[PDB]
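Have a look at the structure below before the remarks.
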Amino acid sequence: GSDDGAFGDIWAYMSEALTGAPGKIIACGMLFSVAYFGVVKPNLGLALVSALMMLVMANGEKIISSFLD
Ligand SMILES: CCCCCCCCCCCCCCCC(=O)OC[C@H](COP(=O)(O)OC[C@@H](O)CO)OC(=O)CCCCCCCCCCCCCCC
């Protein structure tokens, strides 16, 4: 597809926000959630899943651009 047009600025902002502060705030929430839910049930496996989710977020722009040309 085309990255420009009437909605190019919205797409540019949203794609950058995935690895920017809005994406980092969500990623920080995953770590806080893992720590909090580990108080009663310590489960470091969820921390691994959270990291894999951050890896997906880091690759979100590439994944979207590959499917949607
Ligand atoms: C980044 C660091 C390298 C990653 C290292 C670890 C990766 C985690 C795998 C093992 C964790 C084991 C302990 C888990 C602890 C645990 O209990 O996890 C629970 C969590 C939920 O799993 P289920 O939905 O099977 O289980 C439902 C309940 O178990 C919820 O607790 O498991 C996963 O999400 C991990 C499996 C996904 C692993 C395969 C994902 C690949 C598909 C996605 C690929 C990307 C698609 C992108 C689309 C845009």
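All values below were derived from every heavy atom in this structure, side-chain atoms included, with hydrogens, water molecules and symmetry-related copies excluded. Residue numbers count from 1 along this sequence.
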Nearest 0.5 Å, please: how far is CD in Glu16 from CG in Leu18? 10.5 Å
Does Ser33 reach the main-chain N or O of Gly29 with its side chain, forming a donor-acceptor pair under 3.5 Å? no
Using distance only, find each side-chain donor-acceptor pair of residues 37-60 under 3.5 Å and give its atom names and separation, not counting sequence neighbours.
{"from": "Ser50", "atom 1": "OG", "to": "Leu46", "atom 2": "O", "distance (Å)": "3.1"}
{"from": "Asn59", "atom 1": "ND2", "to": "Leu55", "atom 2": "O", "distance (Å)": "2.7"}

Taking the hydrophobic residues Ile, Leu, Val, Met, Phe, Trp and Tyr, and joining any pair whose side-chain heavy atoms are under 4.5 Å apart, which ones share a cluster with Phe7? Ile10, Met14
Whether the side chain of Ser66 engages the backbone of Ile63 through a donor-acceptor N/O pair (distance < 3.5 Å, no angle test) should be reported. yes
So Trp11 and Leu68, do their side chains get closer than 4.5 Å, heavy atoms only? no
